[PDB]
């Protein structure tokens, strides 16, 4: 029933300093408490962009489109803009390098019907796959908010999504971003154009996932107005600034 939230506007300074606007949403699993700088934007739905690689990988694995994390998806020989895309990949490296063509191929093999069914089963954002089956998450109807991403991520973390436990374990392994002796970050980045509303030429960068600690899990979903195009850099820095500020990860 009732969810505990804390609004801490002081995190806005991490965005303003970097000449940006954004939202950081955190969920403390043990305490069942959420923290955000912006309760309105925490609840504003956007294109997931490459954060859609998480349900996309889950569906592809569950349907047998992807056998395991080691299966090689050979480069189709077409030179694309990102050098790391122009080579063979497996699920781990396709996630790590956000290799859009690999995921577009998974989408096509999944198909509209199964893709739609699965997103409804995952209760994923607005569950709308309007547009091309191989690009709806980049330029179609799918919309998700930062709080809805956390909601989805919490199910994935707990192996509660309506796909096999194995599919969920493989995707969480593919999400592995950082680990040291204090914490483990399992997350995915996304960058796309604002199609939700009439905000032309602007870009929405995401960073969604979680921080595993010895005795707790801190889910996060963040998005910001990108000052440039298609890259990260700042996202992780702002999120880590918030996590350090909140005494979650050490300084």
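Numbering follows the first chain given and starts at 1.
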Select between 12-20 and 223-231 the stretch whose C-alpha atoms have the higher average B-factor in the entry. 223-231
Selected stretch [higher average CA B-factor]: 128-136 or 86-94: 128-136
Select one of 208, 197, 58, 213: the residue whose C-alpha shows the highest B-factor in the crystal structure entry. 197
From 81, 148, 178, 165, can you pick the one with the highest C-alpha B factor in the entry? 81
Mind checking which third residue 39 falls in for C-alpha B-factor across the chain? middle
Which third, lowest, middle or highest, does the CA B-factor of residue 45 fall in along this chain? middle
Residue 30: C-alpha B-factor third of its chain, per the entry, is the lowest
Going by the recorded CA B-factors, say which third of the chain residue 116 sits in, lowest, middle or highest. highest
Looking at the temperature factor on the CA atom of residue 71, which third of the chain's modelled residues does it land in? middle
